[PDB]
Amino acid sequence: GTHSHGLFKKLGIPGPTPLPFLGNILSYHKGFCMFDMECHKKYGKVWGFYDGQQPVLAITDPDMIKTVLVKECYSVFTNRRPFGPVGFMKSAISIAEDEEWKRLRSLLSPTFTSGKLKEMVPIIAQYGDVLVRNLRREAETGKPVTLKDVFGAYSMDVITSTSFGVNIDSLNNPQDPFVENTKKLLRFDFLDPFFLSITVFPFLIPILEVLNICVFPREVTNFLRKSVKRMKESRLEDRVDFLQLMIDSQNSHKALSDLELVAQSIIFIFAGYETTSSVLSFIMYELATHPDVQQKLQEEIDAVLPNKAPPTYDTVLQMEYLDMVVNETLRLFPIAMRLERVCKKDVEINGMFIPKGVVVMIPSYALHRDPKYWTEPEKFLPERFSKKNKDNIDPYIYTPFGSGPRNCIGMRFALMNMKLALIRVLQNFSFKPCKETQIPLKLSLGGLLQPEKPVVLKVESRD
């Protein structure tokens, strides 16, 4: 339980001294973000710690971050950390490694071009209209609104239609079989008891795989696998969704196997579902607690889109203050918290030796709130991202979507999705705090960047 706990000592790298077997995981009692902030503050630009026996090297120099995420991505820093028993989802692009990831990224990148996105915009926009209709119910009864619920439904609606052409008002069909399955693809809490145990007993992962025990719910993955087979078999006899693009990609490296395709369909839900709804909720919390910013944003929207004109791909990209609001919220709440890459081979990068097998970690949350780069980092200040000020932002300090060849493949889609939701909602409503609104917002101490209590807000119709 100590074998590798001498590594950073031998390399002269500072960090919290690890306990046998556990390493440093007891320092996670306040979650990832507080641990990373405290280590940054007390150890400086680089430090190392141990998740069980696994050494993790944290780096904060932007030039070093570029070398890892960009310059040496294919040669040395290709893969993320393996995390638990995964079964056939081994073929999902975010979990695949080395040449197999490189292949999958090539097969799937044409699916995320601006041209495919623009062709999807009318689809996503339809569910913004559904969102507004549902919000209007509660704006009329005066009941406070739980944001994760309404933005969760929106997120689900956009996924099911843009992924499979499945058109559902999920907020009002919460027991449609397709919705009750996809709702279960939530983000993993890596500080929960199962994942803590796997970190201390990583040698048990092969035992779980041989028993077909999978961190992705078996019932959900099998429902989706058989649903997809049915859509594929259909369709053929008699759409601009991700499934159709992937189906088309199967007829011209060696094509995308049928199982590989279902794995991507599932991982796209997992990657986009709770991420989008969380960020939307943080944004509306910031707008509700900064009425001046909400008004300025509604003024911009009304100017670009007079008389509640429906948003379009081009009109969205025109809105600079909208972009500034989205960007500043993601500075405060980079829901990934950390970026990680395994070091595949002994390397020396910009001054320091990094041994094979170390996980190199970029603490996005901590860098996003680092006073060296950000004046008053705890304040919500969209003007940081104005054309005036934004040139002073280092792209390797601000990394809410990662960076380089393995960054977020759905970044453009997620930005466009969230902005289209925000536009439609703000055209129709203003959001204000309740007495049940938690002000200021407290973050959870678990493994997910989420509010301590669900955000709840009053919705008032601008009509």
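The term rigid core refers to the most C-alpha atoms you can superpose between the two forms while keeping them within 1.5 Å. Numbering starts at 1 and follows the sequence shown.
- The rigid core fit leaves 139 to 147 as the farther-lying stretch in 9 other deposited structures of this protein, judged by Cα positions and set against 139 to 147 and 101 to 109.
- Omission of residue 286 is seen in none of the other entries compared for this protein where the adjacent residues are built, far below a third.
- Compared with other deposited structures of the same protein, residue 164 does not meet the criterion of being unmodelled in at least one third, since all of those that resolve residues on both sides include it.
- Gap check for residue 238 to residue 239: 4 to 9 deposited residues are absent from the model.
- Per the record, residue 252 and residue 253 are separated by 4 to 9 deposited residues that are missing from the model.
- For the pair 431 to 439 and 22 to 30, the record assigns the higher mean C-alpha temperature factor to 431 to 439.
- Higher mean CA B-factor, judged across 324 to 332 and 256 to 264 from the recorded values: 256 to 264.
- As recorded in the PDB entry, 136 shows the highest C-alpha B-factor of the residues 290, 187, 136, 81.
- The residue among 341, 118, 369, 296 whose C-alpha carries the highest B-factor in the deposited model is 118.
- In this PDB entry, residue 419 carries a Cα temperature factor that places it within the lowest third of its chain's modelled residues.
- Per-chain ranking of the deposited C-alpha B factor places residue 11 in the middle third.
- Among the modelled residues of its chain, residue 363 has a C-alpha B-factor that falls in the lowest third, as given in the PDB entry.
- Remark: residue 160 belongs to the middle third of its chain, ranked by C-alpha B-factor as recorded.
- Residue 454 sits in the highest third of its chain by CA B factor, as recorded in the PDB entry.
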